[PDB]
Every structure is written in C-alpha cells, then in structure tokens.
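Take a look at the structure set out below.
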There are 2 protein chains.
Amino acid sequence: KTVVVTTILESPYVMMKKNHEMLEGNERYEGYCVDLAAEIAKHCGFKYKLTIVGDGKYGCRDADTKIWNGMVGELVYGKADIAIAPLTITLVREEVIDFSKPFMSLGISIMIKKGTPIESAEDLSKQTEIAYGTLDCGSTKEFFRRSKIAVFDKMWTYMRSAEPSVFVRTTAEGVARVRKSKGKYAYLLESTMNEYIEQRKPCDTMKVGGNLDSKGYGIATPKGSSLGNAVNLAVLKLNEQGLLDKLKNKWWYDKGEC
Amino acid sequence: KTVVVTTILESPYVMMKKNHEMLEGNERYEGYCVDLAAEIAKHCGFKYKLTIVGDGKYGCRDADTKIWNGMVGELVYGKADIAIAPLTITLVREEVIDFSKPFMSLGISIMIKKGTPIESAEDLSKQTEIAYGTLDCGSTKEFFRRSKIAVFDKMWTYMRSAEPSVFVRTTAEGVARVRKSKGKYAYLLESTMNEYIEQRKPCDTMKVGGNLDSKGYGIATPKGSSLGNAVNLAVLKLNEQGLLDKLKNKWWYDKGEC
Ligand SMILES: N[C@@H](CCC(=O)O)C(=O)O
Ligand SMILES: N[C@@H](CCC(=O)O)C(=O)O
Ligand SMILES: [Zn+2]
Ligand SMILES: [Zn+2]
Ligand SMILES: [Zn+2]
Ligand SMILES: [Zn+2]
C-alpha cells in the first residue's frame, strides 16, 4: 500500500533537516529529490515512505558473486518499490531494473582546487603530479573501466593501479580530498554535483573543461513494476510544466553562497 | 521482414546525398539519423528501408478529429514500424507511441539574423518591431501553447494571433524567413538545429540566449511493438560506446563552414 522509496544522502538531493531529531517520517529530510518524490507521489496517487539506502551506495554488481548492491540492489531484491535519487541510466542497470525518461541531464566533469594547472581530461592524462579518481561503485567508475577512447582508457589504467586508492566512498569524501590536497588531487564526478559544490563555501573548487559524456538520471523501479508507467508520465508532465528547472534553481542557485 | 523506418528531411539528420540520382534505396540519403539507423539495425539484427514521411511533419493531433499526422501518425496507424528522426519525447506523444531513452539532449533556442537587437526570450516578449514564430505541428509550438510561465505564455498570446502567420511548415522555411527579413523576424527552434545552421554558409545567423527548456529526442515505436526493447538497449549501448558523440562531431562540427 505505502510505496517504499529508496534514496541516498547526497547533497542537495537528500539531506537531513537541521532539526531532524524532532521530526518524523518523511519530514526528517529535505532537498531536490525529497521535493520531487512528493510531486511524483501526488501525481501518481500513492502514499510513500522515504528510506536511506543501507550501504550508502548507488549500486554495482560484484564481479565474483554477481550480487547487486546499493539502491539498485534494493530494487532488484525487493526491499524497495522505487528509487528517487541521482541514479544514472546505464545499459547494465537497465538490464535488471526499469528507469523513467530522464529527469535531469548531466555529464562526467572535473573538479579542481582553484589554481590547479589542469584544463581538461587530456591534461590529467598527460601528467602524474596531480592524482585523480572517482566515486567507488558508481556509473562514473564504470565509464572509465569500459571506455575504448584512448584518453579515458589511459586515465583508467592509471586510476585502477594508483596507490593509495584514488577512489572514494562518497561524493563528500572526494570533495574533501580535493579541498585538503593543495591542488594535488582532482575529482571526476557528475557535472550536477560539481556545479552544486562550486556554489558552496568555502568556494575553493571549480569545474573545468567540458563534460566528458552525456547522460541522464532516471526514477528507477523493479523490472515490470506496475508503477513504472505512471511514474514516467509524471516525470514528463513535471518537466513540461517547468517544475524540474524550478527545483534545480532552488537547490543549486537560489541558495548559492559564492 | 524488412522494417519500415519513417524519417524526415531535416539537416543534418537526414539529407539527400550530392549524387543521389544515380543511387537507390537507403543509399540516396546521408546524415546523423541515417548513420544511427544503420547502427541500430546492426545491433538489433534487422534489415530496413528508409521512407520520408509523406506529409513532411513531425506530428500533432487534430483537435477536432483527434487524428494524428506526421511521423507520429505513421506509427499510430501502422504505416511504419519505427521512427528514427529528431523526434522530441513528449507527454502527449508518450500516450500513443513508445520512445527509447533519449539519443540526444536539446532545448528550445532563439535564432536571429546577426545584428538583431535581441538577447533573450524576455527581450522578444517586451517589444513588437521584431516578429517571431515556431514550426507548425511540432513540440516547440506545443511547448508555448501549454506554458504557464509569464514570459512564454505572453509570447504565445502574441504568436497565436499574429498576422500574417508567424508559424512555418518546415525548419528550412523558418531559417529562410530569418535570413530574408532584415532582422525583423526571429525563429524559435531546437538548439541542435540552431547550432548546425550557425555553422553553415552564409553564416548570417546566430543562436542567442540560453535554452528555454531541456528535453530529448528518442527512437519511437508503435505502442507495444516487439522492437521497442531491443531498440532501447541499443541506444544505451551506442551512447556508452561513445558512438553518439562521434556521430555528433561528424555531422555538426567537422562539417562547419564559418
Ligand atoms: N549518479 C552516479 C553516482 C555518482 C558517480 O558515479 O559519479 C550513479 O548512479 O552511479
Ligand atoms: N523536434 C520537434 C520538431 C522541431 C520543433 O518543434 O522545433 C518535434 O519532434 O516535434
Ligand atoms: Zn543529524
Ligand atoms: Zn504538481
Ligand atoms: Zn534530384
Ligand atoms: Zn556499433
């Protein structure tokens, strides 16, 4: 009856409200995906409960066991009915879960500490002084692992063998490593996150170069779920009425600190 | 057996080749969607015939008869098996046909003759010396018809009543109208088309302002078609392999003249 919605604590998509300890249920959280969940539910006519993914991951498949983890795993194994999160539409995921048409367009981008002498992925690939990595267990890592493009495969070959590990567990971890490393670590992450952090104090990062690829986030449901059709129409309706653009301005720019 | 593909003459998606008259069947055409059709057919394992939509339109629904025309109508009434074209994914279309995940991202943009005193949509709406319109029977017109945004609804109010008509039957006619109007006509069209034309002789137009919205083109199939699933997985594969980006540079930027 009540739809279980899996999501992930990733700013500004879903964040704990300042006073969450005094609030209950869905009211504990705020953010772009919290706002969007409320609208999808109202347009599709269901009640829902927001739940934070237990392992804190977006999702990947273990090479050995073939088991899915993260939000993808929660849908695949029946622990949640829908995921409303910055979850990237990819071929390997569409093979095991369903996605709506995208609600946000984005691409992989580079985050540097201001003043770092890097302007592009080609620049990162041609040097060794500045380290760089991506989030573990997400679509960005898979992009580099799978790429046949020479620049990106060169980047992958470095990243997969760098020690200590250049991969991080959360976006926040990646941004902190950029901020604390004096220009000697650059972080590869989606343009949406990069753009958001660029407007947050202490205003010491910047996005550089163009996007490396072009993709989308979608609302995900278990394969053949009865909800997929209505959720897809809801995303299209809300895009056409300007809601998605209005939400992006609210959470990225209206609140910008830089 | 042979899959009938509906498409539309729209540069640089589908164009007649230089020496088409000595060529036959699919070989008569070239462009981004021609290459894309060949890739999709190779991955999905079918043979196909390209056919240009009889009425030269993308597709809209007649408000009195409720009959669909254009490429959307060819799908709806069973005259074609698949549409491979710059066809915009929209709510009202998703109600009668199926769409793949998008193969290209885009937005509505403004095209002016160079030197025209217009910088934005708000600029057009606050004056009257320069007329402006959109393509008939497409998603851009409908966007303005349905817009609740003050600047956009106001534009629509002007466009719908304008005399003589500011709407055009083809993109080519819109561009020609901009070029021959001495700065007194501006054209609202998708950013993909705008960006292509800006790079072609006689280099007298320019895209101005940001995109007015964000959406995508998809490969469309009749509702419940056997083809839909494979076609969707194929578009995702092609994007991940970087082929879509390669095609984009081949047809937009390697082909610039200005
Ligand atoms: N949006 C990504 C997570 C972030 C990233 O990989 O950079 C995913 O769905 O895996
Ligand atoms: N891509 C549009 C046609 C061009 C336009 O409306 O600007 C459609 O599918 O309707
Ligand atoms: Zn807390
Ligand atoms: Zn609403
Ligand atoms: Zn001829
Ligand atoms: Zn191929």
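Heavy atoms only: backbone and side chains are in, while hydrogens, waters and symmetry mates are out. In listed order, ligands and their atoms are each counted from 1. Naming: A, B, ... by sequence-line order, numbering from 1 per chain.
- Paired with A:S191 under the rule side chain to side chain contact (heavy atoms under 4.5 Å, CB included), one option of A:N211, A:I110, A:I108 passes, and it is A:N211.
- Residue A:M159 comes nearest to A:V166 through the heavy atom pair O-CG2, 3.7 Å, listed as atom of the first residue, atom of the second, then distance.
- Note on ring orientation: taking the six-membered ring where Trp is involved, the planes of A:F103 and A:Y217 are tilted (angle from 30° to 60°).
- Residues forming a ring pair (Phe, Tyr, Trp, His ring centres under 6.0 Å) with A:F167 (at least two apart in sequence, or on another chain): none.
- Across all non-hydrogen atoms, the minimal contact from A:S139 to A:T88 is OG-OG1, 3.2 Å.
- Protein residues are said to neighbour a ligand when one of their heavy atoms lies under 4.0 Å from it; for ligand 1 these are A:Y58, A:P86, A:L87, A:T88, A:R93, A:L135, A:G138, A:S139, A:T140, A:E190, A:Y217.
- Take A:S109 and apply the side chain to side chain donor-acceptor pair (under 3.5 Å) test, not counting sequence neighbours, and it matches A:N194.
- Closest non-hydrogen pair, B:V235 versus B:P102, comes out as CG1-O, 3.7 Å.
- Taking every heavy atom of both residues into account, A:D213 and B:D245 meet most closely at CA-OD2, 4.2 Å.
- For A:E142 and A:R93, the salt-bridge test fails: no basic side-chain N is under 4.0 Å from an acidic carboxylate O.
- Around the Zn ion (ligand 6), the protein N, O or S atoms found under 2.8 Å comprise B:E39 OE1, B:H43 NE2.
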